[PDB]
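First, one chain by itself in structure tokens, the form deposited in one PDB entry.
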């Protein structure tokens, strides 16, 4: 069903995460963490304090798909265990030092071909597949994009709801 999902998405903020590689998205699915550059680190830290849920929607570059989406459960933190990201060319581990804890809501893929009818008012009404890392997605677009994903029966939204 979709009722607990819709409850989680009600009045959420949505952000596009564009991973350069698959390795870090698999790590993020395994460990429930994400790290971004400080400009997006600041944006997400602000959004986490402002909304009942902040949803990150992942897509790895060149894949033609989204790989799932997750909810921020914390602000970024520095000083923990060095998460072994595959660091992109031009990105240092000090830049990715901020670590967000995330709860996955769906780890299933969605091909871009299935989101062609959805455009983002905060990105000039471009198809929602188009955007740089950190691009905020408007409420209705983001909600409808999340509802397009195949349900992930492995995930129980009860624990997620217990953090809102």
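Residue numbers count along the first chain shown, from 1. Take the two forms, superpose them, and find the largest set of C-alpha atoms that agree within 1.5 Å; that set is the rigid core.
Below, we refer to the form deposited in another entry, which is not included among the displayed structures.
Novice: Looking between the shown form and the other one after fitting on the rigid core, I'd like to know which of 32, 111, 38, 127 has a C-alpha displacement of 2 Å or more.
Specialist: Single residue meeting the criterion: 38.
Novice: Work out the direction of the Cα-Cα change for residue 79 and residue 26 in the other entry: closer or farther than in this form? It's 3 angstroms or more.
Specialist: Nearer in the other entry, by 3 Å or more.
Novice: Compare the CA separation of residue 123 and residue 91 in the other entry with the one in the displayed structure, and answer closer or farther (the difference is at least 3 Å).
Specialist: It is farther: the C-alpha separation of residue 123 and residue 91 rises by at least 3 Å in the other entry.
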